[PDB]
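Trainee: Residue numbers (the deposited numbering), protein chains in the order written: chain B, 1 to 104; chain A, 1 to 105.
C-beta atoms are modelled at their ideal positions from N, C-alpha and C, and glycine is treated no differently.
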């Protein structure tokens, strides 16, 4: 058949890059609505903000809107969760979202 | 200001789709050489083979070479591993490649 879905041992935090439009600011631990797939949106959680993407600064899509001015996560809670993710081999996205509810 | 590394609640097994050139055939549980990054190669294990990707069937990179005629994993072992990865929430690629050196050795 066509598409071979393959598995690879990507680096620890597997994240998806998106560009921040002019004047839009967000820090680590903030929820943001971003594009996903040819047309729908979805809530995500910003893990970090760098000045380098594994692909060009132009074919990355842009965040649509920040939903939190301040981290929905405690400085401690955040450090902890990222650790657990890494220590027990769980994807950051999975820990973070499954962790959001219990928190609120 | 520019970029941001975002965590997403992606579906159970987060896999990387690769196109199969004409005449190239591979089954679940087989290792394959695939591109990665603007120029490096790497070894991975096919989890499944379908007729569709979240991306255009032309924007995907192509598998380079299949390293296994047959599943390097037993039909039981395989079923178990995928389950283990799912139920305990471990990256399928992470469970598959670590176990290989155990099961074989």
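Verify the CB distance criterion: does residue 54 of chain A have a CB-CB separation below 8 Å to chain B?
Mentor: Counting from 1 along the second chain, the entry for residue 54 of chain A is found at position 54. Yes - at least one Cβ of chain B is within 8 Å of the one on residue 54 of chain A.
Trainee: Which of helix, strand or coil does DSSP assign to residue 11 of chain B?
Mentor: On the first chain, position 11 is the one that residue 11 of chain B refers to. If DSSP states are grouped into helix, strand and coil, residue 11 of chain B belongs with coil.
Trainee: Take the Cβ of residue 18 of chain B as the centre, count every other Cβ of all protein chains shown within 10 Å, and call the residue buried at 16 or more, exposed below.
Mentor: For the purposes of this step, residue 18 of chain B is taken as residue 18 along the first chain, with counting starting at 1. By the neighbour-count rule (16 or more Cβ atoms within 10 Å), residue 18 of chain B is buried.
Trainee: Within 10 angstroms of its Cβ, does residue 91 of chain A collect 16 or more other Cβ (buried), or is it exposed?
Mentor: Mapped onto the second chain, residue 91 of chain A falls at position 91. Label assigned to residue 91 of chain A: buried.
Trainee: Less than 8 Å separating the beta-carbons of residue 5 of chain A and residue 76 of chain B?
Mentor: Translated into positions along the second chain, residue 5 of chain A becomes position 5. Translated into positions along the first chain, residue 76 of chain B becomes position 76. No, Cβ-Cβ distance for residue 5 of chain A and residue 76 of chain B is not below 8 Å.
Trainee: Just how far apart, CA to CA, sit residue 24 of chain B and residue 65 of chain B?
Mentor: Position 24 of the first chain holds residue 24 of chain B. Position 65 of the first chain holds residue 65 of chain B. Computed Cα separation, rounded: 8 Å.
Trainee: Please return the same chain residues whose Cβ sits closer than 7 Å to the Cβ of residue 86 of chain A, not counting the five positions on each side in sequence.
Mentor: Locating residue 86 of chain A in the second chain gives position 86, counting from the first residue. Once the five neighbours on either side are set aside, the close Cβ partners of residue 86 of chain A are 12.
Trainee: Since residue 79 of chain B meets chain A, which of its residues come closer than 8 Å, beta carbon to beta carbon?
Mentor: Against the first chain, residue 79 of chain B aligns to sequence position 79. Ordered by position in chain A, no residue passes the 8 Å Cβ test against residue 79 of chain B, which lies about 15 Å from the chain.
Trainee: As a quick exercise: from A:79, A:101, A:89, A:88, pick the residue whose alpha carbon is nearest that of residue 29 of chain A.
Mentor: For this step, residue 29 of chain A is matched to residue 29 along the second chain. When only C-alpha atoms are compared, the closest one is A:79.
Trainee: Output yes if chain B places a C-beta closer than 8 Å to the C-beta of residue 76 of chain A; else output no.
Mentor: As a first step, residue 76 of chain A must be located in the second chain, where it is residue number 76. Judged by the 8 Å Cβ criterion, residue 76 of chain A is not in contact with chain B.
Trainee: Measure the CB-CB distance between residue 42 of chain A and residue 8 of chain B and report whether it falls below 8 Å.
Mentor: Indexing the second chain from 1 puts residue 42 of chain A at position 42. Indexing the first chain from 1 puts residue 8 of chain B at position 8. Yes, these two residues count as a Cβ contact at 8 Å.
Trainee: List the residues of chain A that residue 9 of chain B touches, going by C-beta distances under 7 Å, in chain order.
Mentor: Counting from one through the first chain, the residue named residue 9 of chain B turns up at place 9. Here the neighbours are 93, 94, 97.
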